[PDB]
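S.K.: So that we are looking at the same thing, I have put the structure below in structure tokens.
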Amino acid sequence: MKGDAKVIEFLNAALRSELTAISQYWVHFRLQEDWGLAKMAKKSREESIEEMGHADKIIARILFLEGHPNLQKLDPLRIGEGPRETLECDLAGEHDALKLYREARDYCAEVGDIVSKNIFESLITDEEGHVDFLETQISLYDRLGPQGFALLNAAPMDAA
Amino acid sequence: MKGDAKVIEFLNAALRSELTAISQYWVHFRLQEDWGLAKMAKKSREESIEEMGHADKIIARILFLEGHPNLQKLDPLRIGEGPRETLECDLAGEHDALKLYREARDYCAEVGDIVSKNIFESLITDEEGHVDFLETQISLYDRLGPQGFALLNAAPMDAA
Amino acid sequence: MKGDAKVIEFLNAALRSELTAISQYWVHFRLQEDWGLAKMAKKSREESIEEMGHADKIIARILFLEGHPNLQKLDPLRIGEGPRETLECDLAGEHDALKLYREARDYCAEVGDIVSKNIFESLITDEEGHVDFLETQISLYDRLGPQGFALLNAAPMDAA
Amino acid sequence: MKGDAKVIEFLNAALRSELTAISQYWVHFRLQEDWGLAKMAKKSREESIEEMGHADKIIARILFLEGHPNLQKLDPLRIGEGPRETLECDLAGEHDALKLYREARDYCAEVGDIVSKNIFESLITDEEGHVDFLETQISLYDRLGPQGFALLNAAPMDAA
Amino acid sequence: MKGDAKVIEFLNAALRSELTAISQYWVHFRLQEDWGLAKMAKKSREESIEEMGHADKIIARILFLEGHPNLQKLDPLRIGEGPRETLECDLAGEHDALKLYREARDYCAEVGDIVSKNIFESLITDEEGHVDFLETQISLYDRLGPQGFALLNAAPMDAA
Amino acid sequence: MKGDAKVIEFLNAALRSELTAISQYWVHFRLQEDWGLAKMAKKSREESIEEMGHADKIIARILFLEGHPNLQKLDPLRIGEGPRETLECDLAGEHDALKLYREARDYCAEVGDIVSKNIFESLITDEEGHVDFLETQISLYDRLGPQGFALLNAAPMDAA
Amino acid sequence: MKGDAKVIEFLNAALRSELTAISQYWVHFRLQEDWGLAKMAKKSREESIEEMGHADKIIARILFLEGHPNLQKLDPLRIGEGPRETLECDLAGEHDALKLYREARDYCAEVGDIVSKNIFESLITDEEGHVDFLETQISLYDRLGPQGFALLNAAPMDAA
Ligand code: HEM
Ligand code: HEM
Ligand code: HEM
Ligand code: HEM
């Protein structure tokens, strides 16, 4: 089914946004793992794998609309150099993604592409979910303090 | 453990090579799925997920050597526009990767980084495995013919 | 139990014939596997393992008759360079073996070695079984055609 | 993948070495069985089947490197005429094989064929394992004495 | 079905041969048991029960051919007075039986009694099996020596 | 199999290094247990038992090469007097061991002792694994702080 | 609980005695394994692991009494060069240990350290157990003779 050229552009931009999130979360997972914050690390791994799912879903929609998925580049990565910074960087990436999705979503509605519109409403919904979580974690980070938060998310020497 | 600067460079190049393979295989999976060649598609999905594993393994080694993993860019993608071309493109990517790995591997040996050396020997071994498979598939493609090969790797209308 | 010198000669010739078949079938298995004709390959592997059994059985009979089993040489191998040729080469080897077994069998009867005679009748029976199969496969090969036969005996990319 | 002509030569020589071991072990199994040394016989059968595995593995590597596996001939067989001699003959064959493998292995390294190199390191490792075992058995043979060793490896009249 | 008078004669002679073997094996079982060679004894018991089966099979064939089975007498028994002698006596009895069976077998063939012929081929086959075993045991006896062989086939004081 | 005198020297040095690690880890386990840091203690016990395995493996290789394993002495022990010091002492011991293994490993390669070489590559790989872990733990120790780290690795009064 | 300085000295001497036994038994296990005396070897492995338990128990008591466990040295090792010698060397080590334990035990009683006293009574009891066993084995060794004993404790070629 031939799709609206601009909807395809939006989908490809969202895809690039996702590919960026995937790598950012995965690096954070690895980084957090090496810091000994296993519990924080597992969450990052999960979020990265969630984005992989979004990316796949989007690539399929692009092909169906007869466009060409472009995974050649990523937007700028934001790698935190510490526990709190990674939360900040991930949150920063979510806000940019939500901005982009709300925009794409409005355009899909205007052009009448119902299915593509709902995909963005679904993505918007998932991203607000991550935002909710990160905000709660950042809030808990300040309340507990650097050491306390690290303790809560660290693994004992005899773990796994 | 501080690592040899050039070993880290090689690891980051191998990582970029892998991130490229991951996306190339995934696009091929999606493309093959839309062509109705489900069986060919599932194989591509598997190979893409194998590369994801390699990438993760490499990022961890980089962090351990105290380097910084860089997933900001991918090498040029090779997207086939048909069944046979995708096999060709994937095979082309394997040869470039093997070339790079044999090079990195020699350098690790020369510098004495035993563990990093074996990682490249492991990657070289896996890639020769994929090459073996692709060559057999390309050979089978020419023997069966375009239609015959597509038939062998297609899914009936009542599938899954 | 001391056996008839010539029966032992026949047994050693049959053994050499079998050792030849074992290797011919095994190479064909490997060759067919690399061609992507897995189903054809599995049959060759089975036949090779059947011959291994015959060989073992014959070596035991030779030792019992107090002779010396000689596995130092094989008769000329017939390696096909393609699907149909391998069927032809295997069929060619069966005919030579049957010829030899019918001869040995008559001699065992003449000399009165009942048990050795039945072993050759058993071998003759198994070989006629393989001949039956190969003839049916060759016939099916011509009916289906090169591509069709290869298709029927090929494995999909997502196999095993 | 086209391979180095000399690596293929080495692989075919190793193959010939293995085909030789297979038959030597199998004859020893049969011989030992007729002597009533069932326990010694079962070990020989196992070792013969191990070599069969090595041979298969090597034939596959040869085909992948686009060479032609040659199973037409075997190196000279060494058939012991008694319990201790068979141990000696098998040990003699191991030393020749190890010599050949260490040589092939060095060449693979020099030419940079990593995978083929590791195959020879794997074979070298397995062969040193058999050598270890045989040396321990020969040592135990002299300590126990001909009759004692035969007793330890013999089966009672009511066995199996 | 009225049978050939001479085939019936042969069957009755074979029967007498078997009734003889049954008792010879059973006495040997008992003797060996009293000597404390339980493992040697169990084998003799098994062989005796095998012959019982042969005898039954033969009596049935005789009745079918409308002849009269005669179990009134046995051929001369051969009772060994020691471990090795019993093996010798049993082996001596096998050779006489095989001689008789090969003779009966030829006659059945000449007269065209197919079924009776195969019975003798079956008996010949079983007897060569026992001969094979006994020869291996006698060989093992000389290799191990009187004491060693007795040890291998003896039961500990706390057995069964 | 007679081995290279100097390879045996290296193996015995590696053995001494391992016997040292075994006792150092075990004392640390006991010490940490008495401090109430059960989780830290269990990890030390595991590492000590890992080294026991290495030691056994090395003693076996020495005997095979016909050398004489020498477990009469240990290198200087490094007993920490507190949580962080034990991590430091264990890390210090790993670096010395890696130094020794890389040296032995190069020599095995030079002399062509393939199997012994791989044992050192295996040991080097395991030790880099422990180093990775200890570095992550030391890093986590400074991030959490003395009290926080002790808390994370301590057992409640109602434990086990 | 601060302990009697001399009790701690005795405990550390007993510890050194045990660390010595551990290594002596383990070397004997390995040696016996290479000789092909698997059954004798498994017993040595068990005894070595028993001593490991004693050592651990003693180190814990030392720490509780606020002393410092010293595993830096071992008493002189006694490595037998043959089956019977290893039994002799192990027995020699037991007698020295018992001598030391009876001495430490008396001192603990005199000073009133009840718990430490019972530990030595427990060790004395276990050691007399090993002595009982070794004496029975040495006696059985002379009764059976070198070859007979080796036979009883050897493993067949098809073992494990
Ligand atoms: C940044 C590089 C990537 C890394 C490090 C990575 C890592 C992983 C790993 C190791 C898994 C296996 C499941 C598990 O570990 O629990 C996984 C699964 C998956 N990845 Fe990736 N991945 C990467 C990129 C991608 C991208 C860009 C795509 C394709 C568009 C993708 C799509 C998927 C999907 C859909 C799964 C789920 C598979 C399943 O569980 O059935 N991944 N990835
Ligand atoms: C020289 C004469 C040979 C004899 C008498 C012999 C005997 C045997 C026997 C009795 C089996 C039958 C299956 C079983 O026991 O489970 C076996 C298995 C096997 N043989 Fe042979 N063999 C011979 C040669 C070979 C050759 C030339 C190859 C390949 C180049 C080979 C490779 C194997 C393999 C891979 C198996 C394993 C089957 C499995 O576990 O799936 N054999 N052989
Ligand atoms: C000469 C003295 C014989 C002795 C001491 C003897 C001993 C034995 C023993 C102890 C059994 C009892 C069942 C069992 O153990 O399970 C057995 C089974 C048997 N005997 Fe005999 N037997 C003798 C003669 C015969 C004869 C003359 C025949 C037939 C002509 C014969 C045929 C059989 C058969 C067919 C069985 C198998 C039963 C079954 O498995 O269903 N036996 N015999
Ligand atoms: C001198 C060299 C030593 C060697 C070669 C050695 C060997 C072994 C082996 C192979 C194990 C591994 C686990 C298993 O087999 O299940 C074991 C277990 C054990 N070892 Fe050692 N060991 C040595 C020294 C020690 C020392 C110094 C101690 C303590 C002071 C010790 C205490 C133990 C304990 C308590 C276990 C029992 C594990 C359990 O059952 O939970 N070992 N040792």
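All residue numbers here begin at 1 and follow the chain in the order shown.
Each residue, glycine too, has its Cβ placed from N, Cα and C.
According to Swiss-Prot, the record shows the following:
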type	residues	note
DOMAIN	C:1-145	domain 'Ferritin-like diiron'
BINDING	C:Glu18, C:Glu51, C:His54, C:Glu127	Fe cation 1 binding site
BINDING	C:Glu51, C:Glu94, C:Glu127, C:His130	Fe cation 2 binding site
BINDING	C:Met52	heme b binding site
S.K.: For the C-alpha pair, I'd like the distance in angstrom between the residue listed as 'heme b binding site' and C:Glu18 (Fe cation 1 binding site), rounded off.
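M.R.: Cα to Cα, the residue listed as 'heme b binding site' and C:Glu18 (Fe cation 1 binding site) are separated by 7 Å.
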S.K.: On the three-state reduction of DSSP, what should I expect for C:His54 (Fe cation 1 binding site)?
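M.R.: Helix, per DSSP.
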S.K.: How big is the Cα-to-Cα gap, in Å, between C:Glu51 (Fe cation 1 binding site) and C:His130 (Fe cation 2 binding site)?
M.R.: 11
S.K.: Among C:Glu51, C:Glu127, all listed as binding-site residues, which has the most CB atoms within 10 Å of its CB?
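M.R.: Checking each of C:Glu51, C:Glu127, the winner is C:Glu51.
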S.K.: Among the binding-site residues C:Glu18, C:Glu94, which residue has its Cβ surrounded by the fewest other Cβ atoms within 10 Å?
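M.R.: Each of the binding-site residues C:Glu18, C:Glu94 was scored; lowest Cβ tally within 10 Å is C:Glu94.
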S.K.: So for C:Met52 (heme b binding site), how many other CB atoms are inside 10 Å of its CB?
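M.R.: Counting Cβ neighbours of C:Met52 (heme b binding site) within 10 Å gives 20.
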S.K.: Does any of C:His54, C:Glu94, C:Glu127, C:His130 have a Cβ within less than 6 Å of an atom of ligand 2? These are the binding-site residues; tell me which, or none.
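M.R.: Not one meets the Cβ criterion.
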S.K.: Please list, in sequence order, the residues in the chain of C:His54 (Fe cation 1 binding site) that are at least six apart in sequence and whose C-beta is under 8 Å away from its C-beta.
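M.R.: When sequence neighbours closer than 6 are ignored, C:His54 (Fe cation 1 binding site) has C:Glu18, C:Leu123, C:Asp126 within Cβ distance under 8 Å.
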S.K.: Suppose the Fe cation 1 site is C:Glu18, C:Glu51, C:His54, C:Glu127. Which further residues of the same chain have a Cβ inside 8 angstroms of that site's Cβ centroid?
M.R.: C:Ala14, C:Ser17, C:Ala21, C:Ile22, C:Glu50, C:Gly53, C:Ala55, C:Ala97, C:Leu123, C:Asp126
S.K.: Using the Cβ center of C:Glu51, C:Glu94, C:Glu127, C:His130 as the Fe cation 2 site position, which other residues in that chain lie within 8 Å, going by their Cβ?
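M.R.: So the additional residues around the site are C:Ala21, C:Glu47, C:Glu50, C:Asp90, C:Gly93, C:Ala97, C:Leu98, C:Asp126, C:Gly129, C:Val131.
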S.K.: Please list, in sequence order, the residues in the chain of C:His130 (Fe cation 2 binding site) that are at least six apart in sequence and whose C-beta is under 8 Å away from its C-beta.
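M.R.: Looking at Cβ-Cβ distances below 8 Å from C:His130 (Fe cation 2 binding site), excluding near sequence neighbours, one finds C:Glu47, C:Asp90, C:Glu94.
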